[PDB]
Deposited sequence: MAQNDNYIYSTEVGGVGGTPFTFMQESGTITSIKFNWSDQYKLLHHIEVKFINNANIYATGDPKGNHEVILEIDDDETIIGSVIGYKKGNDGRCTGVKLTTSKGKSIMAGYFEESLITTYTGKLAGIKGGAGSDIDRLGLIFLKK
């Protein structure tokens, strides 16, 4: 209520997370071996790293977000089903910044857009499930 919840995509498994009250940094860890996201970290506008998942993947990417910078384009790749996983994230900002993490070989959601305020989902070894959260 005064936040927009994007559909969490991927499986029912892993341990729940919800990170909120905006985002100033987000990092994604992924593997070439499993072609999944494994681990996410978030910082806020608050010096603590809010992490989740196991950072066992051979790649990472970080997007730093200026205070006034919104997300204008966002795609999450995922395997659908109870047994599902998140496999990739593309984001593009109101300033022409973009990141690409992991793979997009199965299902996609083109999310809502706005000021990236938090994330929510389940993670174990892998990121089972991810949803973004925006302002209003």
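Absent C-alpha positions map to the deposited sequence ranges 1-4, 26-28, 53, 145, in order along the chain.
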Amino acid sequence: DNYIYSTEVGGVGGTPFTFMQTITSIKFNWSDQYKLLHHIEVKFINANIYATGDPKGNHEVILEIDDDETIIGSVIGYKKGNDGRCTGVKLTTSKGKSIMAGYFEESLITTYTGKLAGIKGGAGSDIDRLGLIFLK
From here on, numbers count along this sequence of modelled residues.
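Look at the mean CA B-factor for 61-69 and for 74-82 in the entry; the higher one is 61-69. Taking the PDB entry at face value, the top CA B factor among 26, 109, 37, 49 belongs to 49. Sort the modelled residues of the chain by CA B factor and residue 132 lands in the lowest third.
Residue 31: CA B factor lies in the lowest third for its chain, per the PDB record. Per-chain ranking of the deposited C-alpha B factor places residue 16 in the middle third. For residue 102, the recorded CA B-factor ranks within the lowest third of the chain. Only modelled residues enter the ranking.
For residue 94, the recorded CA temperature factor ranks within the highest third of the chain's modelled residues.
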